[PDB]
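Only one chain comes next, encoded as C-alpha cells, the form deposited without adenosine-5'-diphosphate (ADP).
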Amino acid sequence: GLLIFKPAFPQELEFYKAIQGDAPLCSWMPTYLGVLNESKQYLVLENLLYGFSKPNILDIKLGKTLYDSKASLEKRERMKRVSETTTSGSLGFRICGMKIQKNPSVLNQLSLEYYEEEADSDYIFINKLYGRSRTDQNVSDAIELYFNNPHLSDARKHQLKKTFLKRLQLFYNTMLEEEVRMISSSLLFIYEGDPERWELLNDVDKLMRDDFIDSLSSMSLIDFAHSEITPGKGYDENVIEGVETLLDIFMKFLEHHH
C-alpha cells in the first residue's frame, strides 16, 4: 500500500501541481505522483500510512474561517455555523476524527455515540460528532486521548508529544514564509502503536518525514480542494492562528513532567 487514489478535484490537483532554513510547504504534504483515469480521475499520492505497523491517526481541521470565495452562500452559511459552534471559530482548529487502538481505560469513559468499534480489530473510529462537541476546555484532553495508547509506555507517549511540539514549531515557521490560502486543510498526525516497532527503531523518531521519491510518527498537511497559492499576499493568518493554539496546547502537555 505505497499509494493512495483520491478522486480528483481540479482545484486540489492544481494546488499539488503549483507547489510540487525553514521547511518548504511541500515537505509537509504527501508526495503527489500524477493522475489515474478510469471517465473518473484520481490523484495518485504517497500513502502516509505506509510503513506503520499499527498506525494511530488524528485528523485536525485548520482555520477559524471554513469557506473560500467559490462557495455558494448556502454552504458559506453552513460553514459559518460549523465554525461558530466548534473550536474552529474560537481556537483556529478542530478535531475532525481519529482512528486509534482502543485503550480499555479510555473506552470506559467515552460515550458510545462518539465512536465505532469492530470485532475484526483492536481499532476504534472516533467520529465527527466527538470532534464537533469538543469545547475550548476539554479539547486538550481530547488530544491527550489520541496519544493514550495502551501499548506505549508513559515515556514513549511523552516523547511523541514532545516530537509533535517540535513539528508544530517547524510548521509554524513554514507558515510565516508561505504565501498561500488554505481553507479546510487538515493536519494529519500518525504514530506507531506497535512497541515492537519502537524496539526495531530503538525509539528513534525522525522529525521530518523521509522524502518519498529520493518513522515512529509523522505530522502532515493534507486536503487542498479549497487551497491556492497566493504570491505577494502574505502568510495565511487564518491557518497560523490554529497552529498558535496547538503550540500552546502541546507546550502545556510538557508542564509538570520534570
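From 1 onward, residues are counted along the sequence shown.
Counting only residues from the deposited sequence, how many are left out of the model between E199 and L200 (none, 1 to 3, 4 to 9, 10 or more)?
-> The entry leaves nothing out here.
For this session: Using what the record says, work out whether there is a hole in the model between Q11 and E12 and how many deposited residues it spans (none, 1 to 3, 4 to 9, 10 or more).
Result: Unresolved stretch here: none.
Which wins on mean Cα temperature factor, 203-211 or 61-69?
-> Going by the record's values, the stretch with the higher mean is 203-211.
Of 100-108 and 85-93, the stretch whose C-alpha atoms average the higher B-factor in the entry: Between 100-108 and 85-93, it is 100-108.
- Query: Out of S227, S220, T230, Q41, which one has a C-alpha B factor higher than all the others in the entry?
  - Reply: It is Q41.
Exercise. According to the PDB entry, is the CA B factor of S121 in the bottom, middle or top third of its chain, that is, lowest, middle or highest?
Worked result: According to the entry, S121 has a C-alpha B-factor in the chain's highest third.
Review point. Hey, what third does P24 fall into on Cα B-factor, ranked over its chain?
Key: Its C-alpha B-factor, which the entry lists for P24, ranks in the middle third among residues of this chain.
Where the record places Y130 (Cα B-factor, split into thirds across the chain)
Tercile = middle for this residue's CA B-factor.
**Prompt:** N56's Cα B-factor: lowest, middle or highest third of the chain?
**Reply:** Lowest third - that is where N56 ends up once the chain's C-alpha B-factors are sorted.
Task: Lowest, middle or highest third - CA B-factor, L160 - done: Lowest third - that is where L160 ends up once the chain's C-alpha B-factors are sorted.
Form deposited with adenosine-5'-diphosphate (ADP) bound: not shown, discussed below.
Within 4.5 Å of adenosine-5'-diphosphate (ADP) in the bound PDB entry, do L49, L188 and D223 each have at least one heavy atom? Judged in the bound PDB entry, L49, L188 and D223 all sit within 4.5 Å of adenosine-5'-diphosphate (ADP).
- At the 4.5 Å heavy atom threshold, is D59 in contact with adenosine-5'-diphosphate (ADP) in the bound PDB entry? Taking the distances in the bound PDB entry, the answer for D59 is yes, it comes within 4.5 Å of adenosine-5'-diphosphate (ADP).
Taking any heavy atom pair closer than or equal to 4.5 Å as contact, tell me whether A8 reaches adenosine-5'-diphosphate (ADP) in the bound PDB entry.
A8 lies outside the contact set for adenosine-5'-diphosphate (ADP).
Item to complete: Flag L45 as yes or no: does it have a non-hydrogen atom within 4.5 angstroms of any non-hydrogen atom of adenosine-5'-diphosphate (ADP) in the bound PDB entry?
Response: Answer yes; at least one heavy atom of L45 falls within 4.5 Å of adenosine-5'-diphosphate (ADP) in the bound PDB entry.
Within 4.5 Å, heavy atoms only: does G193 come near adenosine-5'-diphosphate (ADP) in the bound PDB entry? Contact with adenosine-5'-diphosphate (ADP), no.
Next item on the list: Counting only non-hydrogen atoms and a 4.5 Å cut-off, give the residues of 1-40 close to adenosine-5'-diphosphate (ADP) in the bound PDB entry.
Entry: The stretch 1-40, when checked against adenosine-5'-diphosphate (ADP) in the bound PDB entry, contributes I4, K6, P30 at the 4.5 Å heavy-atom cut-off.
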